[PDB]
Structure formats: C-alpha cells, structure tokens
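Structure record follows, encoded as structure tokens.
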Amino acid sequence: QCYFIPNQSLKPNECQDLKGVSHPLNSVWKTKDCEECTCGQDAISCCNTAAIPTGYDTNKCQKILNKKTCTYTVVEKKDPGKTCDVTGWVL
C-alpha cells in the first residue's frame, strides 16, 4: 500500500524519485482522486490509486502516475524520456 523513498537529493530543498520524478521542493500535494505525493524533510511518501499497468513484462522499467491528467506512464531507468514496454491498464 503506497511506498516511501528517502530523499536521495543532497540539497535540503528538492524532491526526486525513480528516473521520471525530479522537481524543486515546495510542499505536500494530494490530488482529489488520482495520485498522492508528499515531500518529507526526511523522506518522500507517494501513493497511487489509479489502475496499474499490466501485461508489462517486468524487465527493467519504472511506473509513474502522471497527475497532470490522471494517467499511468512508464519510463526506463536508462531513458527518462522514452516510455518502456506497455500493454494496457487494469483496476
């Protein structure tokens, strides 16, 4: 249920996670019904309620929920721009 990754940024004023997340520190935000993310001065807690990408062969990619339009995206550890292999999404 949800997860939390320790702030790896050595700058006490930023927030980064996986290979797609990466923005300056500001505060804690929580969508009304799409995604949830908080920036703890000691760690970062983020959760996802939207459907989860399935049929995705767990080879070496990462899953990220785009709170911009409530959608599920997937990038690659060595390609923070190109989407990895996807198939669909299930509740």
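Quick note on naming: the chains in the structure tokens go A, B, ... in the order shown, residues restart at 1 in each chain, and ligands are numbered from 1 in order of appearance.
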Residues within 9 Å of stretch 86-88 of chain A, please, as a PyMOL selection string. Count only C-alpha atoms; anything in the same chain fewer than 4 positions from it doesn't count. chain A and resi 52-57+73-74
Same residues, N, CA, C and O atoms, saved as a PDB file, in the first residue's frame:
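Once written, selection-v5.pdb looks like this:
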ATOM      1  N   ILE A  52      -3.419   0.027 -12.458  1.00  0.00           N
ATOM      2  CA  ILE A  52      -1.953  -0.259 -12.518  1.00  0.00           C
ATOM      3  C   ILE A  52      -1.620  -0.900 -13.880  1.00  0.00           C
ATOM      4  O   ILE A  52      -2.313  -1.794 -14.324  1.00  0.00           O
ATOM      5  N   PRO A  53      -0.574  -0.455 -14.547  1.00  0.00           N
ATOM      6  CA  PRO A  53      -0.204  -1.036 -15.870  1.00  0.00           C
ATOM      7  C   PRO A  53       0.052  -2.545 -15.796  1.00  0.00           C
ATOM      8  O   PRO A  53       0.886  -3.007 -15.043  1.00  0.00           O
ATOM      9  N   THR A  54      -0.665  -3.314 -16.575  1.00  0.00           N
ATOM     10  CA  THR A  54      -0.473  -4.795 -16.558  1.00  0.00           C
ATOM     11  C   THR A  54       0.155  -5.244 -17.879  1.00  0.00           C
ATOM     12  O   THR A  54       0.502  -4.436 -18.719  1.00  0.00           O
ATOM     13  N   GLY A  55       0.304  -6.526 -18.071  1.00  0.00           N
ATOM     14  CA  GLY A  55       0.911  -7.025 -19.337  1.00  0.00           C
ATOM     15  C   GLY A  55       2.301  -6.409 -19.514  1.00  0.00           C
ATOM     16  O   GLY A  55       2.963  -6.622 -20.511  1.00  0.00           O
ATOM     17  N   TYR A  56       2.748  -5.647 -18.554  1.00  0.00           N
ATOM     18  CA  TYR A  56       4.094  -5.016 -18.664  1.00  0.00           C
ATOM     19  C   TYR A  56       5.160  -6.004 -18.182  1.00  0.00           C
ATOM     20  O   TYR A  56       5.288  -6.268 -17.004  1.00  0.00           O
ATOM     21  N   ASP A  57       5.929  -6.551 -19.085  1.00  0.00           N
ATOM     22  CA  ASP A  57       6.985  -7.515 -18.676  1.00  0.00           C
ATOM     23  C   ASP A  57       7.964  -6.821 -17.726  1.00  0.00           C
ATOM     24  O   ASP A  57       8.677  -5.914 -18.108  1.00  0.00           O
ATOM     25  N   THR A  73       2.007   6.247 -16.580  1.00  0.00           N
ATOM     26  CA  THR A  73       3.104   6.234 -17.591  1.00  0.00           C
ATOM     27  C   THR A  73       4.192   5.251 -17.152  1.00  0.00           C
ATOM     28  O   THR A  73       4.180   4.750 -16.046  1.00  0.00           O
ATOM     29  N   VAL A  74       5.130   4.969 -18.016  1.00  0.00           N
ATOM     30  CA  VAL A  74       6.223   4.016 -17.661  1.00  0.00           C
ATOM     31  C   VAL A  74       7.505   4.430 -18.387  1.00  0.00           C
ATOM     32  O   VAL A  74       7.570   4.421 -19.597  1.00  0.00           O
TER      33      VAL A  74
END
All strand (DSSP E or B) residues (DSSP, backbone) inside stretch 2-79 of chain A, as a ChimeraX atom specification: /A:3-6,14-17,21-24,29-30,35-39,43-48,52-54,61-66,71-76,79
Who sits within 10 Å of residue A:80, only C-alpha atoms, same chain under 6 positions skipped, as a short mmCIF file (atom, residue, chain, number, x, y, z; two decimals) with N, CA and C atoms, in the first residue's frame:
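Listed below is the output, out38.cif:
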data_model
loop_
_atom_site.label_atom_id
_atom_site.label_comp_id
_atom_site.auth_asym_id
_atom_site.auth_seq_id
_atom_site.Cartn_x
_atom_site.Cartn_y
_atom_site.Cartn_z
N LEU A 18 12.76 7.67 -8.51
CA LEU A 18 12.82 6.91 -9.79
C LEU A 18 13.65 7.70 -10.80
N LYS A 19 13.30 7.64 -12.06
CA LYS A 19 14.07 8.39 -13.10
C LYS A 19 13.17 9.45 -13.73
N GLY A 20 11.91 9.47 -13.40
CA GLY A 20 10.99 10.48 -14.00
C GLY A 20 10.70 11.61 -13.01
N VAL A 21 10.63 11.32 -11.75
CA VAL A 21 10.34 12.39 -10.76
C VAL A 21 11.59 13.26 -10.57
N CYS A 61 12.02 -1.56 -16.20
CA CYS A 61 11.36 -0.24 -16.43
C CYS A 61 10.79 0.28 -15.11
N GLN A 62 10.21 1.45 -15.13
CA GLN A 62 9.63 2.03 -13.88
C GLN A 62 8.21 2.53 -14.18
N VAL A 74 5.13 4.97 -18.02
CA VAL A 74 6.22 4.02 -17.66
C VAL A 74 7.51 4.43 -18.39
#
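Comparing A:84, A:90, A:2, A:46 by their smallest distance to residue A:30, the closest is A:46 (using only C-alpha atoms).
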Residue among A:49, A:31, A:9, A:83 lying closest to residue A:63, counting only C-alpha atoms: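 Going through A:49, A:31, A:9, A:83 one by one, the smallest distance to residue A:63 is for A:83.
With only C-alpha atoms as the atoms that count, the residue of A:34, A:23, A:45, A:40 with the shortest distance to residue A:4 is A:45.
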Need the shell around residue A:48: protein/DNA/RNA residues with any atom at most 10 Å away, counting only C-alpha atoms. Skip same-chain ones fewer than 5 positions apart. Format as a list in words? residues 1, 2, 3, 33, 34, 35, 36, 37, 64, 65, 66, 67 and 72 of chain A
